[PDB]
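Single-structure report; data block below.
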Amino acid sequence: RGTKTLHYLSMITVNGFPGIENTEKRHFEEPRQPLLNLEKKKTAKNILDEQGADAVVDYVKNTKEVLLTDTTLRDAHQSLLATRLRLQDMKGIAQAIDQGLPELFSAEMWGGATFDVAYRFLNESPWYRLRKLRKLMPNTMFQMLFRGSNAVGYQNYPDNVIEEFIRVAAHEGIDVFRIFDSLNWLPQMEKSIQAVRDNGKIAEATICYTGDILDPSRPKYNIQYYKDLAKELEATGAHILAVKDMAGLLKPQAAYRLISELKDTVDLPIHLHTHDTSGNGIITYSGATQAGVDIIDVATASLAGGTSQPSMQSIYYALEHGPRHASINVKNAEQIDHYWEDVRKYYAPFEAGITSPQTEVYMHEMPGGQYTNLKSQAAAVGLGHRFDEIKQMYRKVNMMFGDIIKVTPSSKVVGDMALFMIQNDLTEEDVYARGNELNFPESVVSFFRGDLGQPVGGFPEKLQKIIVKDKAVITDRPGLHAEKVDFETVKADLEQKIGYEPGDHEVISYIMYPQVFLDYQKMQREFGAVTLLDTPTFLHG
Ligand SMILES: [Mg+2]
Ligand SMILES: [Mn+2]
């Protein structure tokens, strides 16, 4: 093992880290360990382990205070540090988060972009990160982000693959599955919700919020649409209804109105997830708190603000003397935030830059992760100079598509469309006129083929016929048309490829990311377990 780490250290010392500018390994002090005042409490993890998910739901309903879910381990560093937060920095504070904050409903540490990014860039297994965090944080609930029928991948998978991933993730320590569909289509979420319920975990059915419910000019995503969606989601037997504000679009008055109306229609607890990109995340959470929201999604203050979640400490102080208080130990939270600031100093090459409240997100409606990725893609193609026109094309392409919900992977479709549209300098009338001649991006064609599901109100018919010139268009779940996957054959082929008998997690990771898992295995052969390295040594040597 020593030769592998020596090889990796020599490689990084000489050739530098791939994708970042080469710099010297500047000296870092040891990150500040917290000084916690421990109080023993029965957490929602204990309730789930003892009496199951329904007891957890009843505990949430009987909690007068508003519960907090920490998104520091997944979404805060997905938005701010390009999902590059390593397990080595997480494990120095995992026990402190488990002990100093037992009032947390759950910690979101998995799903989203973490699964792909860990394998692709951090060269560490997300399953290994899950196992180490589960050992380190035994009395907290683990929340993951689940993309409906795509799970952690960006495309549709057959139903047995999704069920097996849910089973393996539940066995390895995931306690809450937040299941969302990119276009808010129920059939893509039904089977995942049923599988999560069968595995005994909490199923968070999710509504992606877009538009403005208080704006009569945009009537498609009105309050009645969300009420009907919440009713049919409650019909599926999900434990907690989740409201995912992917781009910070939910305004405070709209937040109060939406949470009140959803509280009237369903008896499910409501989980609200929003981003502070508009700068109104704190007041939105407060307005939802007055409306009666149950759980809200917060990050530590050092990894909060901008495209990330609002800070949990500021959410505590904003609700300190109101009718409803947040459930947190604020002193322990600040003590943990000191460590988070010190380890955020490690990830300087992955920082986005100077951040300000960005109220332009109300028009272009672009999520922050997709915002950073779109900026990087425009820089890679040399279009980063005209990113204001990129924003305008993004908004106009979204309106051209029929005002779709823009969350991954549907936001990636709109981003690719806008990049291609500015790439060869045409308008939407030019799309309707010349569109038979050009070759549209593959993601747009796949979306108009129905591989992402069915959008609300259906596709624009003439534009769809332009986009797919001769390809077949399905109108049902893409999982029905998926190729059958047999796990014994895949396991045998993986054993041939990686040279040893793989576990269920390795098989289900090979199915979702075939090339990425094999590249990760090759990197493990060449360099060993680089997750054990500290972050400045991992980046610079
Ligand atoms: Mg409650
Ligand atoms: Mn998010």
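Residues are referred to by chain and number: the chain letter is A, B, ... according to the order shown in the structure tokens, the number counts from 1 in that chain, and ligands are numbered separately from 1 in the order shown.
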Write out as CSV the residues of chain A that have any atom within 9 Å of an atom of ligand 2, one row each with the nearest atom pair and its distance in Å to one decimal, counting only C-alpha atoms and all ligand atoms, sorted by chain and then rising number.
residue,atom,partner,partner_atom_place_in_ligand_line,distance
A:71,CA,ligand 2,1 (Mn),8.5
A:74,CA,ligand 2,1 (Mn),8.9
A:75,CA,ligand 2,1 (Mn),5.7
A:76,CA,ligand 2,1 (Mn),8.1
A:78,CA,ligand 2,1 (Mn),8.3
A:79,CA,ligand 2,1 (Mn),7.6
A:112,CA,ligand 2,1 (Mn),8.6
A:244,CA,ligand 2,1 (Mn),7.2
A:245,CA,ligand 2,1 (Mn),7.2
A:246,CA,ligand 2,1 (Mn),5.2
A:247,CA,ligand 2,1 (Mn),7.7
A:248,CA,ligand 2,1 (Mn),8.9
A:273,CA,ligand 2,1 (Mn),6.7
A:274,CA,ligand 2,1 (Mn),6.5
A:275,CA,ligand 2,1 (Mn),6.4
A:297,CA,ligand 2,1 (Mn),8.9
A:307,CA,ligand 2,1 (Mn),8.5
A:308,CA,ligand 2,1 (Mn),7.3
A:309,CA,ligand 2,1 (Mn),7.4
A:367,CA,ligand 2,1 (Mn),8.1
A:368,CA,ligand 2,1 (Mn),8.4
A:369,CA,ligand 2,1 (Mn),8.3
query: DSSP says strand (DSSP E) for which residues of region 291-427 of chain A? Put them as a ChimeraX atom specification?
result: /A:295-298
So that I have them on file, write out the residues from the current selection with C-alpha atoms, as a CSV table (one decimal), in the first residue's frame.
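Dumped everything to part36.csv:
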chain,number,residue,atom,x,y,z
A,295,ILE,CA,-38.7,20.3,8.9
A,296,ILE,CA,-36.5,22.8,7.0
A,297,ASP,CA,-33.2,22.3,5.3
A,298,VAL,CA,-30.2,24.2,6.7
query: Residues at most 9 Å from ligand 1, using only C-alpha atoms and all ligand atoms? Could they come as a list in words?
result: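 Result of the 9 Å neighbour search around ligand 1: residues 58, 59, 60, 61, 62, 63, 64, 65, 66, 67, 269, 270, 292, 293, 294 and 295 of chain A.
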The selected residues should be written to file as a tab-separated table (two decimals), in the first residue's frame (atoms: N, CA, C and O atoms).
chain	number	residue	atom	x	y	z
A	58	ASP	N	-45.10	10.42	13.59
A	58	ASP	CA	-45.88	10.91	14.73
A	58	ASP	C	-45.04	11.81	15.62
A	58	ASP	O	-45.55	12.78	16.20
A	59	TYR	N	-43.75	11.51	15.76
A	59	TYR	CA	-42.86	12.35	16.56
A	59	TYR	C	-42.66	13.71	15.90
A	59	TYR	O	-42.55	14.73	16.59
A	60	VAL	N	-42.58	13.73	14.57
A	60	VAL	CA	-42.47	15.00	13.84
A	60	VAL	C	-43.76	15.80	13.98
A	60	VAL	O	-43.72	17.02	14.19
A	61	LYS	N	-44.91	15.13	13.89
A	61	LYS	CA	-46.19	15.83	13.98
A	61	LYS	C	-46.42	16.40	15.38
A	61	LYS	O	-46.98	17.49	15.52
A	62	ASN	N	-45.99	15.69	16.42
A	62	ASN	CA	-46.17	16.17	17.78
A	62	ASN	C	-45.09	17.16	18.20
A	62	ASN	O	-45.21	17.74	19.29
A	63	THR	N	-44.07	17.37	17.39
A	63	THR	CA	-43.03	18.34	17.70
A	63	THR	C	-43.55	19.73	17.37
A	63	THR	O	-43.75	20.07	16.20
A	64	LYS	N	-43.78	20.54	18.41
A	64	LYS	CA	-44.22	21.92	18.20
A	64	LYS	C	-43.14	22.75	17.52
A	64	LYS	O	-43.43	23.59	16.66
A	65	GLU	N	-41.88	22.52	17.90
A	65	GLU	CA	-40.77	23.23	17.29
A	65	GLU	C	-40.57	22.78	15.85
A	65	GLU	O	-41.03	21.71	15.44
A	66	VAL	N	-39.88	23.61	15.07
A	66	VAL	CA	-39.55	23.25	13.70
A	66	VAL	C	-38.21	22.52	13.69
A	66	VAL	O	-37.22	23.01	14.24
A	67	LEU	N	-38.19	21.33	13.10
A	67	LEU	CA	-36.98	20.53	13.07
A	67	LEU	C	-36.06	21.00	11.94
A	67	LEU	O	-36.49	21.63	10.97
A	269	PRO	N	-46.49	15.48	7.26
A	269	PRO	CA	-45.51	16.52	7.61
A	269	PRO	C	-44.85	17.06	6.35
A	269	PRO	O	-44.66	16.34	5.37
A	270	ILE	N	-44.51	18.34	6.39
A	270	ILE	CA	-43.97	19.04	5.22
A	270	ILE	C	-42.51	19.39	5.48
A	270	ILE	O	-42.18	20.01	6.49
A	292	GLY	N	-46.56	26.76	9.50
A	292	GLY	CA	-46.59	25.48	10.15
A	292	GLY	C	-45.76	24.39	9.51
A	292	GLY	O	-46.13	23.21	9.62
A	293	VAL	N	-44.65	24.73	8.85
A	293	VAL	CA	-43.79	23.71	8.25
A	293	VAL	C	-43.14	22.90	9.36
A	293	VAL	O	-42.95	23.38	10.48
A	294	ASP	N	-42.83	21.64	9.06
A	294	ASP	CA	-42.33	20.75	10.10
A	294	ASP	C	-40.81	20.70	10.12
A	294	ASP	O	-40.19	20.94	11.16
A	295	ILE	N	-40.19	20.39	8.98
A	295	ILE	CA	-38.74	20.29	8.87
A	295	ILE	C	-38.28	21.25	7.79
A	295	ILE	O	-38.94	21.40	6.75
query: Any idea what's packed within 9 Å of residue 187 (chain A), counting only C-alpha atoms, ignoring anything in its chain fewer than 4 positions away? Could you give it as a ChimeraX atom specification?
result: /A:148-149,181,191,453,476-477
message: Counting only C-alpha atoms, which residue out of A:56, A:268, A:533, A:97 sits closest to residue 330 (chain A)?
response: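 Nearest candidate to residue 330 (chain A) out of A:56, A:268, A:533, A:97: A:97.
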- request: Work out how far CA of residue 131 (chain A) is from CA of residue 172 (chain A), in Å to one decimal.
  value: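 Separation of CA of residue 172 (chain A) and CA of residue 131 (chain A): 6.5 Å.
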task: Determine, counting only C-alpha atoms, which protein, DNA and RNA residues have an atom within 12 Å of an atom of residue 383 (chain A); residues of the same chain fewer than 3 positions away are not included. Present the result as a list in words.
output: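 So, after excluding close chain neighbours, the residues are residues 374, 375, 376, 377, 378, 379, 380, 386, 387, 388, 389, 390, 391, 418, 419, 420, 421, 422, 423, 424 and 425 of chain A.
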- request: Please provide the set of residues having any atom within 8 Å of residue 432 (chain A), restricted to only C-alpha atoms, with same-chain residues fewer than 3 positions apart removed, written as a PyMOL selection string.
  value: chain A and resi 428-429+435+463+466
Contacts of region 25-28 of chain A at 7 Å (only C-alpha atoms; same-chain gap of 2+ positions) as a compact mmCIF listing (two decimals) with N, CA, C and O atoms, in the first residue's frame:
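Dumped to result-v2.txt:
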# COMPACT_ATOMS: atom_id res chain seq x y z
N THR A 23 -0.46 25.00 -7.57
CA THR A 23 0.04 25.93 -6.57
C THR A 23 0.87 25.15 -5.56
O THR A 23 0.83 23.92 -5.51
N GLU A 30 -4.16 23.03 12.08
CA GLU A 30 -5.15 21.98 12.31
C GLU A 30 -6.52 22.62 12.53
O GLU A 30 -6.62 23.63 13.23
N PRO A 536 -5.20 19.16 1.80
CA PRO A 536 -4.09 19.84 1.10
C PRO A 536 -3.06 18.88 0.52
O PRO A 536 -2.51 19.16 -0.55
N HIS A 540 -2.33 18.89 -3.42
CA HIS A 540 -1.03 19.42 -3.82
C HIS A 540 0.15 18.51 -3.53
O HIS A 540 1.18 18.65 -4.19
N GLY A 541 0.05 17.59 -2.57
CA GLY A 541 1.16 16.72 -2.24
C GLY A 541 2.21 17.41 -1.38
O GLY A 541 3.38 17.01 -1.38
